[PDB]
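Here the structure is laid out as structure tokens; the discussion comes afterwards.
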Amino acid sequence: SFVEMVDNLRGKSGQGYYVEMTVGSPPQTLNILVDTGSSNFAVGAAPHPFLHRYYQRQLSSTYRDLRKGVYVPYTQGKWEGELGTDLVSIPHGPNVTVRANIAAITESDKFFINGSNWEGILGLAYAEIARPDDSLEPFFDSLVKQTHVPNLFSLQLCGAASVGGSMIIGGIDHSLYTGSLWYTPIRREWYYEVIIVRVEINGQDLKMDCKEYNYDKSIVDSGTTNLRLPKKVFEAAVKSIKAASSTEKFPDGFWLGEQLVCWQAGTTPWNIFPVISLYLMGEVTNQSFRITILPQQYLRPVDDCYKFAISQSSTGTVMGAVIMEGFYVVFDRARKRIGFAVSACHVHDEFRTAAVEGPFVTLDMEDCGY
Ligand SMILES: CCCC[C@H](NC[C@@H]1Cc2cccc(c2)CCCCc2cc(cc(N(CCC)S(C)(=O)=O)c2)C(=O)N1)C(=O)NCC(C)C
């Protein structure tokens with residue numbers, strides 16, 4: 001059923017995960033970025049120094065022009081283009097063809113990455129955050145409307161240059177995870193917004209007002225590399241991580257992700273870096289669950305060299321690839337919930353392991369929403 005979709009994701013570290021798609025008639029093959037942090041489907045449609053290939057509207061009999069412009073700004077990079085529609089397929093996905101909105105990228109700034117091997121982006125979030133407005137139906141909505149594909153998809157992102165993973169469209173693949181799935185409500189259908197109710201570092205509560213954790217918002221974004229935290233939360237976390245690792249001293253700019261830390265190969269002191277536990281709101285009253293991430297996740301490999309992959313945000317908490325790696329993440333749009341489970345490619349060391357645990361009791365969870 002879903003075995004055809006296992007391992008359909010490829011990528012380079014820090015440069016996102018992409019799936020193979022085809023657009024137009026006859027089909028044009030492109031590598032498309034998988035992004036739960038946006039809602040626009042767009043592809044390079046003009047020559048660019050970093051593009052191996054691009055979408056040629058002229059060669060598609062099925063292309064239709066919508067005669068409207070569009071731009072999308074991301075935390076990293078931005079592009080503008082022309083709106084249109086065409087037939088789209090996913091070779092290593094469901095056996096269907098849909099007519100979907102496509103943005104033909106004609107100009108861009110720091111969007112395409114030299115050597116990334118992808119030429120477009122697939123925004124998997126909801127219409128509310130689509131550009132220019134919410135009348136531009138996102139791809140997955142079109143897929144569900146035009147076909148019998150269930151309103152659900154799941155992402156298994158695996159870590160270590162080259163990375164891989166699975167995007168299971170229309171269901172859940174049980175051979176890809178162990179233990180139970182734990183679900184947190186989608187608070188509002190715009191980004192995939194959730195609510196963090198508690199934070200622990202090495203078993204110690206950060207003891208901040210839980211509103212700070214979701215200050216503005218908290219989202220699940222496969223398009224973002226880092227765990228991005230609101231300033232106050234970032235400072236609290238960094239202070240604690242500095243304290244646990246204090247046995248060693250690191251250039252101050254390491255903590256800002258500006259310069260690397262290097263250790264002799266096989267000598268990396270993982271044990272001085274703490275585990276981080278994020279408690280998410282559960283499905284029943286006063287009930288949370290926690291996901292625990294290891295330093296191997298937020299110390300992204302770049303002698304063995306690493307970059308601190310926890311950074312500041314002015315748009316709320318962004319749970320990026322460092323969080324999603326090692327877990328099987330289910331985007332259950334039909335039941336307005338996001339599931340977490342330990343992935344089959346989960347990260348662990350000799351004494352510590354990434355985990356999804358519950359149930360936990362957490363009082364006044366509704367107070368944590370901004
Ligand atoms: C409200 C938050 C929304 C986040 C959301 N992020 C998704 C985008 C998609 C996207 C765009 C370009 C390239 C990639 C992927 C490939 C990987 C590059 C590394 C990276 C990416 C992001 C972001 C980073 N970082 C920060 C800036 C460099 S980092 C280093 O991981 O902290 C790195 C980021 O914002 N990817 C967004 O911009 N949505 C658009 C909006 C109009 C709906």
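Read the figures in this text as sums done on the coordinates, not as results from a lab. Positions of Cβ are backbone-derived with ideal geometry, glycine not excepted, and every protein chain shown enters the neighbour counts.
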Check your understanding: Quick one: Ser240 ticks every box in (1) in a loop (DSSP other than H, G, I, E, B); (2) away from the ligand (no atom under 16 Å from the Cβ); (3) touching a strand residue (DSSP E or B) at 6+ places or on another chain (Cβ under 8 Å) bar one, so which box is it?
Key -> (1)
Exercise for review: Exactly one condition in (1) in contact with a strand residue (DSSP E or B) (Cβ under 6 Å, 6 or more places away or on another chain); (2) of a type in the set (A, V, I, L, M, F, W, C); (3) away from the ligand (no atom under 16 Å from the Cβ) is not met by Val96; state its number.
Suggested key: (1)
Point to revise | Residue check for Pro47: more than 27 Å from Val3 (Cα to Cα) and surrounded by fewer than 22 Cβ atoms within 10 Å (Cβ to Cβ) | key: yes
Exercise for review: Output the residue which, of all residues in segment 201-237 that are within 16 Å of the ligand (Cβ to nearest atom) and basic (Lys, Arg), is surrounded by the fewest Cβ atoms within 10 Å (Cβ to Cβ).
Suggested key: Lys231
Point to revise | Restricting segment 143-190 to residues that are of a type in the set (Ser, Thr, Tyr) and touching a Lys or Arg at 6+ places or on another chain (Cβ under 7 Å), the residue that is nearest to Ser1 (Cα to Cα) | key: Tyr183
Practice item. Could you pull out the residue among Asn40, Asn31 that is in contact with a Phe, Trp or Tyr (Cβ under 6 Å, 6 or more places away or on another chain), within 16 Å of the ligand (Cβ to nearest atom) and not aliphatic (A, V, I, L, M)? Key: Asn31
Review point. From the list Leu136, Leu124, which one is over 18 Å from the mean Cα position of the chain (by Cα), among the hydrophobic types (A, V, I, L, M, F, W, C), surrounded by 17 or more Cβ atoms within 10 Å (Cβ to Cβ) and closer than 24 Å to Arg187 by Cβ?
Key: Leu136
**Study point:** Matching strands (runs of 3 or more DSSP E) fully within segment 257-370 where at least 1 residues are touching a helix residue (DSSP H, G or I) at 6+ places or on another chain (Cβ under 8 Å) and within 16 Å of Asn226 (Cα to Cα)
**Key:** 276-281, 287-293, 299-301, 304-308, 310-313, 317-319
